[PDB]
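One letter stands for each residue in the lines below.
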Amino acid sequence: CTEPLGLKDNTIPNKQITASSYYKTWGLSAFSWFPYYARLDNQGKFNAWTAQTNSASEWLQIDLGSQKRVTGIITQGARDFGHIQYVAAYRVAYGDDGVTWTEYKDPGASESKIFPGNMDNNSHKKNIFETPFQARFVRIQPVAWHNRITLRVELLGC
């Protein structure tokens, strides 16, 4: 139960990947870093999701399309005009209706777990949830970043 859930191979459609906001270089639609570009190993100039602002109130939401057992996550950052960008730490939340959420916590913990993220633009960083959760929706909540909040993702499970 550690299989890719569909982000990298486009099985999860673009409309199912949303975010608090997305970046547009100098407001040009042509320079959009759409939420649905946040797919592992996405190639090209605009190959990742980048939040409009660098705030801990930003989030990337993935609708798996159906309930799945989520056991892990893999992330990458990206590069924009020679500048390395990536999320260095993040929390995870999940749910089934897309409007109510549960922040991931170790059993008995009062604080949501903060997962160690990337440290560069292309290396894959995998985290395994010691306590898998069942859910249709998953959101990644950046807590720390380098230059910009930028992500490419893949969720693992079955």
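Heads up: the structure comes first, above all this text.
In this report, the structure presented in the accompanying data block is examined.

Conventions and cut-offs
- Residues numbered from 1 in each chain as written, not as in the entry; some residues may be left out.
- Heavy atoms only, no water.
- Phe/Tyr/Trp six-rings, centres within 6.5 Å; stacked < 30°, edge-to-face > 60°.
- Helix = DSSP H or I, 4+ residues; strand = E, 2+ residues; numbered from the N terminus.
- Buried < 20%, exposed > 50% of the residue type's maximum accessible area, 1.4 Å probe, protein only.
- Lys NZ or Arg CZ within 6 Å of the ring centre and 35° of its normal.
- Pairing = 2+ DSSP bridges.
- Core = buried A, V, L, I, M, F, W, Y, C linked by side-chain atoms within 4.5 Å.
- Contact = heavy atoms within 4.5 Å.

Moving on: the packing of aromatic side chains. Following the criterion strictly, the structure yields 15 aromatic pairs and no others. Measuring from ring centre to ring centre gives 5.4 Å for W33 and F46, while their planes differ by 75°; the resulting arrangement is edge-to-face. Remark: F46 occurs in the loop between β2 (17–19) and β3 (49–50) and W33 occurs in the loop between β2 and β3; sequence separation between them is 13 residues. Each member of the pair, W33 together with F46, is buried. Note on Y36 and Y37: the rings are 5.3 Å apart at their centroids and 75° apart in plane angle, and the pair reads as edge-to-face. Given the relative accessible area of 24%, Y36 is considered partly exposed. The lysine or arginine in question, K113, covers the ring of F115, its NZ or CZ lying 5.5 Å from the ring centre. Sitting above the plane of the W59 ring, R139 keeps its charged end 3.8 Å from the centroid.

Attention now moves to the pairing of strand β9 (residues 125–146). With 11 bridges joining them, strand β4 (residues 60–76) and β9 adopt antiparallel strand pairing. Along β9, the bridge assignment pairs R69 with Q134. Summarising the sheet, strand β6 (residues 83–95) and β9 pair through 9 bridges and their orientation is antiparallel. Across the sheet, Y90 pairs through a bridge with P142, a residue of β9.

Before going further, it helps to examine unusual backbone geometry. A positive phi is found at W26, a non-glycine position, where the angle reads about 35°. Looking at where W26 falls in the secondary structure, it is placed in the loop between β2 and β3. Phi is positive for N147, close to 65°, though the residue is something other than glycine. Within the fold, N147 resides in the loop between β9 and β10 (150–157). Taking relative accessible area as the criterion, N147 reaches 41% and is therefore assigned partly exposed.

Now for the nonpolar core. The nonpolar side chains of a soluble globular protein tend to be buried, and buried together. Core analysis: the biggest nonpolar cluster contains 28 residues, and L60, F133, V153 and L155 have the highest contact counts within it. When residues no more than four places from it in sequence are discounted, the contact partners of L155 are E3, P4, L5, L7, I62, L64, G72, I73 and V138. Counting 5 residues, the second-largest nonpolar core is a separate cluster that includes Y23, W33, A48 and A78.

Our next topic: the pairing of β10. With 8 of 8 residues buried, β10 lies mostly within the body of the structure. Taking every second residue as pointing to the same face, both faces of β10 are buried, with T150, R152, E154 and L156 on one and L151, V153, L155 and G157 on the other. For strand β1 (residues 3–4) and β10, the ladder comprises 2 bridges, and the chain directions are antiparallel. If you follow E3 over to β10, its bridge partner there is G157. As judged from the 2 bridges shared by β3 and β10, these two strands associate in the antiparallel manner. Across the sheet, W49 pairs through a bridge with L151, a residue of β10. In this sheet, β10 lies alongside β4 in antiparallel orientation, the contact comprising 6 bridges. Looking across to β10, one finds that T75 is bridged to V153.

From the geometry alone we can't say anything about function, so treat these as descriptive.
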